[PDB]
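Chain by chain, the residues:
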Amino acid sequence: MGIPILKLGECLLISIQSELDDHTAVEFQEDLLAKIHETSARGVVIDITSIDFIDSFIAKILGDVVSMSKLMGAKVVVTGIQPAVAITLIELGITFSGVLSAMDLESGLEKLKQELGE
Amino acid sequence: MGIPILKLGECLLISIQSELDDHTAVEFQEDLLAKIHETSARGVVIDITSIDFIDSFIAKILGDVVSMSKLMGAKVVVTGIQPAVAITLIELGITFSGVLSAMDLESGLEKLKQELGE
Amino acid sequence: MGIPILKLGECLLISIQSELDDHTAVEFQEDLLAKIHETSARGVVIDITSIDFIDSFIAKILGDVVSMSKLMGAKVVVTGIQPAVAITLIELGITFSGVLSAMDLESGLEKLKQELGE
Amino acid sequence: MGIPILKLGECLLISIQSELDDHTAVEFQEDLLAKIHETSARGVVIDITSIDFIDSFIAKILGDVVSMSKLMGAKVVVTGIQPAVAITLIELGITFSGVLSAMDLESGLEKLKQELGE
Amino acid sequence: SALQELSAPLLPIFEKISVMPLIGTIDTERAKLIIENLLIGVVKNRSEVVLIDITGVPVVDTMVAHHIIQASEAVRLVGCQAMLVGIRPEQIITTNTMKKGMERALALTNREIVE
Amino acid sequence: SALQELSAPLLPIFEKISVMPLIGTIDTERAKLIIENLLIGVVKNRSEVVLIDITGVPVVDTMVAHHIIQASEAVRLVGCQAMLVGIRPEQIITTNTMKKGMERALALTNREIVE
Amino acid sequence: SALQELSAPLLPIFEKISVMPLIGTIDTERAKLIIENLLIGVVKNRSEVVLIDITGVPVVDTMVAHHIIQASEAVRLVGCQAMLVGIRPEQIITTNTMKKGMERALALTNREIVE
Amino acid sequence: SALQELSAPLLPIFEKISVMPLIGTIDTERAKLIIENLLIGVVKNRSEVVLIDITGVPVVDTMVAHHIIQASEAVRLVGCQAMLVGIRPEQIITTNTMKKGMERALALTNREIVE
Amino acid sequence: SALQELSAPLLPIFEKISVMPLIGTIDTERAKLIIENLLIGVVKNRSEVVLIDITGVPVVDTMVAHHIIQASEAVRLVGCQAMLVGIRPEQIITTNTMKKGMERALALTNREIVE
Amino acid sequence: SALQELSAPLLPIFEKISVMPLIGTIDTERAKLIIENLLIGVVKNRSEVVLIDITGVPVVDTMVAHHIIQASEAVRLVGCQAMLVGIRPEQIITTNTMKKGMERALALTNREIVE
C-alpha cells in the first residue's frame, strides 16, 4: 500500500485520497522525495481533490512540502483544493504564499506544460 | 479508500496499488465504468506497474475489462506489465488479442496523442 | 527428374504440370522449401492451371507450402485455379486467406511485384 | 509432361530438365510452336541450365528450334549454357549467329526487353 | 431456360438472379466459375434483389462467395431483402442497391465515372 | 415462371434475352416499358448475344424499338448474331459488344470514365 | 406500444430506444429492417441511453447489429450504460454519445461540419 | 408509457412524436421544456410527420411552440399533413421534410455540411 | 553452457540461439523477458538461422514470442530452416536474413539508413 | 560445445564473446577468420562486455586485431570491463558501448542514421 506516484513525460503526477495524520504524511513525504530523486522530475502535481478534512498538524507539512520540494529542485502545484479544507484550515495561521495553486488537473498540467518549455 | 481515477487531457490514468484479489477487482471495475460516463473520456491508460502477482480468475475478468471499455466507447491501453506475470499467468490459455499494451507511461500518452490531437 | 522450378528477378515461378501421388507431393514440398533457402527469395508464384482434379491428401500439401512458406520468410500467391478443382477445395473447406490468388501467371506477378519491393 | 510453358506478357519462357533421348524432343518441338500460335509472342527464352551432356542429334534439334521460332516472329535467347555442353560439343556443325545468348534467366530477360518489346 | 446471365464490360461482371429457390439450381455455382476464366473478369456482383426466399441451403450461395475469392477477385451480394436476412447466423462485403453496388466495387479496381 | 429480365446498373437500364423467341414473349415488350417510366432510364440496352433466331418476331421486338425513343431514348441492340440478320423485311442505333456498346451509351448522356 | 420513432435527419438514420425492457418487442428488429431499405439508409445509430438491466435481448440486439452490415453499411451502438456492459456472458463499432457518434458516422461517408 | 423522445445533435434537439391525439400532451409540454435548461439547446424540431390528426389541442401545441421562443430559440414544425392542417383558428417558422428542416436550422446558427 | 547473449543497437535488441533444443533450457525464455524492462527496446529479434532442429518446444517458443507483444511490441523471427518447419503440428511476423530483418524492423519504428 | 558465438548484420558483420576465458578457446580466432572470406569483411565488433576476466591470453585476443586488419577492414573492441583493463602488464579503435560502436562503424562505410 501507501500513496502512489507515476512518471509522465519529464513531469510527475501523484494522487492522494483521505489520509489520516502526520504519520500518514511522513510515510508519504519520505516516499515523495525519495522518488523525485529517482525520476529526473521538474514539476510535481499533488492532486488532493479527494480529501474531506485536513488536520492542523498536516498544515505544517503540506504548507511546507512546497518549501521542501522547491529546495530539492522542482516546482510544486497544489491542485484540487476543496472548499471545506480551504476556509479555516489553510487559514491566516500559516505562511501560505508562493505555492502556485490550480483548480483542476487538466488546468494543472496545462500550467506545468509551460514550465518545461512547452 | 479505493483505487482512484484522475482526468488528464481527455484521458484517464488509473494507477493501481498491490491488489491481488478478484472480489476487490470486481469491486474496483465499477469505478472505471462509473467514471467514464461522467467524464467524456476517449482513452484510459490502466497502469499496472505496481502489481507483482495476479490470480488466474482475475485475468478472466481483468482480461475482459478491455471489452468493458472497448464496448463503452473508449480505447484502453495496458501499460507496464511485469515480466513475471507474463510468464506465470499469461502463458496459460487465456486469449489476449488486440489489447495494444504500451511499455511505460511516457510512451503511453505519446501513443495516446495519436488517437486525439493529430 | 522432378517438378520444374525456375527463378526470376527476386521471385520464384514454380509451375505444376501433373503429379502421381502424395510421394511426389512430399518430394515437391521438400524441393521448394529447400530451394528458397538454397538461394534468397521474397515471392513465390505457384502455377496450378494444368490440374483438374486434386485429392484431399494432396490439397493439404498445397495447404502446407502455401502457409509454410509465409513463416519461412516469403509471401506466396497461387495463380490460376481451375473451376473443377476450385469446387472440391471449399467443398472440403479450407480458407486461403493471406494468399491473394489471381487468374493467370501474368496478372499473378502484377500484385506480388507491387506489394513487396515496389 | 515435364516441359512447361508459362508465358509472361507476350514473352514466353521454357524450362528444360535432364533429357535422355531425341524421342522426347520431337514431341517437344511441336509443343513450342503450338503455343506460339495460340498466343502472340516477342521472345521465347529457352533455359538449358540443367543439362550436362547433349546427344549430337539433340544439338540438331536445339539448333533447329531457334530457327523454328525465328520465322514465327519472336526472338530467341538460349540462356545459361553450361561449360561441358558448350566447350567440345557445340563445336559441331552449328551456325549460331543472331542467337543472343545470356548468362542466367534473371539477366536473360533484360537482354531481351532491352532489345525487343520495350 | 435453366441459365441466368454471362456478359460483362470486362472489368466487372454483372449478374442477375430472379426467383428460383431450389437446390437443383446448382448451375449458379457451376456455370459461374466456368465463365470466370473464359474471360479475365475481376470482382463481380450478384444482385439478388428479387429473390424470396432461400430457406434451407444458402450454402450453395454463401460458400460460392468464397469460390470466387480464390479463383478471381471478390464478390458483392448486392441488395439483400428484409426477409432474407431474418435470422442468418451462418464475413463477405455486401451493398444495398445496384447503382452504389457498382461504385464500391469499381473503387477496388481504381476507376470511377466523373464528369 | 412469368419473368424475362430486369436490371438497373446506372442511369442506363439494360436488358437480357436468352433463347425463347416465340410470339408468346410479348412480356419482354411490356416489361421494358413497365420499368421504364418508373425509374428514369435515358439509355437502354438489349444484349441479344445468345439468340438464334428470329422467325416472325421483329414486330414485337424491333418495330417496338421505336416506341422507347418516344418513351425516353436510345434503343441499342447489342450484338445481333451473324445468321440472325440474313434477310430483313423492314433507322436505329446499334453496336457490337456490351463492353464497347456501353462506351457510346454514356457518350449520349455526356459522361465518361477516369482511371 | 406500436411505436419506435425512426426517420432520417441526414443521409444517415437516427433511431431512439427509450425505456422498453421487454422481449415482446422483437419488432425493433422487424419494423426497422422493413423501413431500413424503404429509403436509402447508409449508416444508422441505436442510442440506448437508459434501458438498464436487459437480459438475453442481445440474442436479438446483436444479431440485429449483424443484419445492418448485410442490408446496408455499418451500425453504431451509442452510449451503453455501466450495468449493461457488465452483462457480457459471451466486432462492432461503438461511441460515447449521439453528438459524437453521429460525427464519426459522417466521417465514414466523408462529410464534416463546416464553419 | 409516460415518455416520448429526446436527443442531442450537439447544438439542437430533434424530437419525434408518434400518434397520441389526447390530453397526454401534458407530458411533452412539460418534459420537453425541462430539457432546455438541462443542456444548451438552441434549435428544436417537432417532427409531427406521423400524426393524423390533432383533435382539439393545438392550443397546447402553440404554447409549446412559443415557450421555446422565450426559453432559448427557434422552434419549428416539421412535416404537417394535408388532413392535419384542416381548419386554422389562429407566425411560427415551418419546413417540409425532416432532412431539409435540419439544414435551415444550421442556417439560423450559421453552419452547413460539405467536404 | 551459461546463457544466451543479448545487446542492442539502441532501438532494437538482437538475440542469438545456438543448438539448445530441450525443454530444460527455459533460460532463453526467462532471461530474455528480464532484459526488456531493463532497457526499453521496441523491436527485437531471435535469429535462429543456425539451429537444426526443433522437436520438444513446438509452442513454448512461439507462446513467449506472442508474449513480448505484451511489452515490446512484436518480435520478428529471423531465418527459420526448411527442416525446422518441413513438418510441425500447426500470427508471427518473420523475415529471412538479418540484413533484411533489421532493414524492415526499423520501418515499423519509422527510421532508416540512407547514404 | 563447438561454438563461441556469431551474428550477421548488413555490411558490418559483428561477433560476440560470452564468458569462455581460456587458451582452449582459440576457436574464437579460427572460426572468425573463416567468416572474413565467407562474405565481405568491413568492420567487426568484438563486444567482450560479459567477461570477467582475462589475464592469461591477451596475445590471442589483442594481436588478432592486427590479424583482421591485414585480411579485411579493422575491428573495434567494444566495452572493456572496469577491472579487466586494470590488469595491463603490457593502438586500435575502440569504444564503450555496443549501441554507440555502430555510430562510428557506419561512418567508415558511408552510412549515417536518418530519422
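Residues numbered from 1 in each chain as written, not as in the entry; some residues may be left out. Chains lettered and ligands numbered in written order. Part of a larger assembly, values for the part shown. Heavy atoms only, no water. Residues with missing side-chain atoms left out of burial classes, pairs and counts.

Structure determination for this PDB entry is given in the record as cryo-EM, at a resolution of 4.21 Å.

### Overview of a positive patch on the surface
What counts, and what does not: Distance thresholds for patches are 9 Å for like charges and 5 Å for nonpolar side chains (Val, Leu, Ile, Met, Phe, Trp, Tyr), applied to residues having over 30% relative accessible area and no salt bridge. Only the protein chains shown count as covering a residue, and every accessible area follows the Shrake-Rupley method with a 1.4 Å probe. In the sections that follow, a salt bridge refers to a side-chain nitrogen of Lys or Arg positioned within 4 Å of a carboxyl oxygen of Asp or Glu. In this tally, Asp and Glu contribute negative charge and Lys and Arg positive charge; neither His nor the terminal groups of the chain are included. The atoms used to mark charge sites are NZ of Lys, CZ of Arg, CG of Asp and CD of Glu. Where helices and strands are cited, they refer to DSSP runs of H or I of at least four residues and of E of at least two residues respectively, numbered from the N terminus. Only protein chains enter the accessibility calculation, which uses a 1.4 Å probe. A residue is then buried if its area is under 20% of the maximum for its type, exposed if over 50%, and partly exposed in between.
A cluster of basic residues, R42(B), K70(B), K75(B) and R104(G), forms a positive patch at the surface. Mapping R104(G) onto the fold places it in helix 5 (residues 98-108). Taking relative accessible area as the criterion, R104(G) reaches 40% and is therefore assigned partly exposed.

### Considering the packing of aromatic side chains
Stated precisely, the cut-off is as follows: Each pair of aromatic rings taken from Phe, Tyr and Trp, with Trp reduced to its six-membered ring, is defined by centres within 6.5 Å and is described as stacked if the planes are under 30 degrees apart, edge-to-face if over 60, and tilted in the remaining cases.
Summed over the entire model, instances satisfying the criterion amount to three aromatic pairs over all chains. Pairing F14(E) with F14(F) gives two aromatic rings, centres 4.7 Å apart and planes at 50 degrees, and the pair type is tilted. With one member in each of two chains, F14(E) in the segment before helix 1 (27-38) and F14(F) in strand 1 (residues 13-14) form a pair that bridges those chains. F14(F) gets classed as buried once you look at its relative accessible area, which sits at 6%.

### Topic: the interface of chain B and chain A
Formally: Contact definition: two residues touch when any of their heavy atoms are within 4.5 Å. Put simply, buried area is the surface a 1.4 Å probe can reach on two separate parts but cannot reach once they are joined, added for both. A 3.5 Å cut-off defines polar contacts: any pair of N or O atoms within that distance qualifies, except that in protein one atom must be a possible hydrogen donor and the other a possible acceptor, and neighbouring residues in sequence count only when both atoms are side-chain atoms. Put simply, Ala, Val, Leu, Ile, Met, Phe, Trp, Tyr, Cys and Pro go in the nonpolar bin, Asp, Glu, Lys and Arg in the charged bin, and everything else, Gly too, in the polar bin.
Counting residues at the interface gives twelve residues for chain B, matched by 15 residues for chain A. Of all residues in chain B, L8(B), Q17(B) and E106(B) bury the most surface against chain A, accounting for 40% of the area lost on that side. Counting every contact that joins chain B to chain A gives zero salt bridges. Inspection of the chain B/chain A interface yields two residue pairs in polar contact. Split into classes, the residues belonging to the side of chain B that touches chain A amount to six nonpolar, four polar and two charged.

### Here we look at the sheet that holds strand 5 (residues 93-95) of chain G
Sheet strands pair via backbone hydrogen bonds, and the direction of the pair is either parallel or antiparallel. Residue and element names in this part refer to chain G. Test applied: At least two DSSP bridges between two strands are required for those strands to pair.
Pairing in this open sheet of three strands is parallel, and the strands run 3-4-5 from one edge to the other. Of all the strands in the sheet, just strand 3 (44-45) and strand 5 have a single pairing partner and so form its edges. As paired elements, strand 4 (residues 75-78) and strand 5 share three bridges and run parallel to each other. Within strand 5, the residue paired with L77 across the bridge is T94.

### Digging into the sheet that holds strand 1 (residues 44-45) of chain J
All names here are of chain J. Across the sheet, three strands lie side by side as 1-2-3; this open sheet has parallel pairing. One side of each edge strand has no neighbouring strand; the edge strands of this open sheet are strand 1 and strand 3 (94-95). Here two bridges tie strand 2 (residues 75-78) to strand 3, and the two strands are oriented parallel to one another. From the neighbouring strand, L77 faces strand 3, where its bridge partner is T94.

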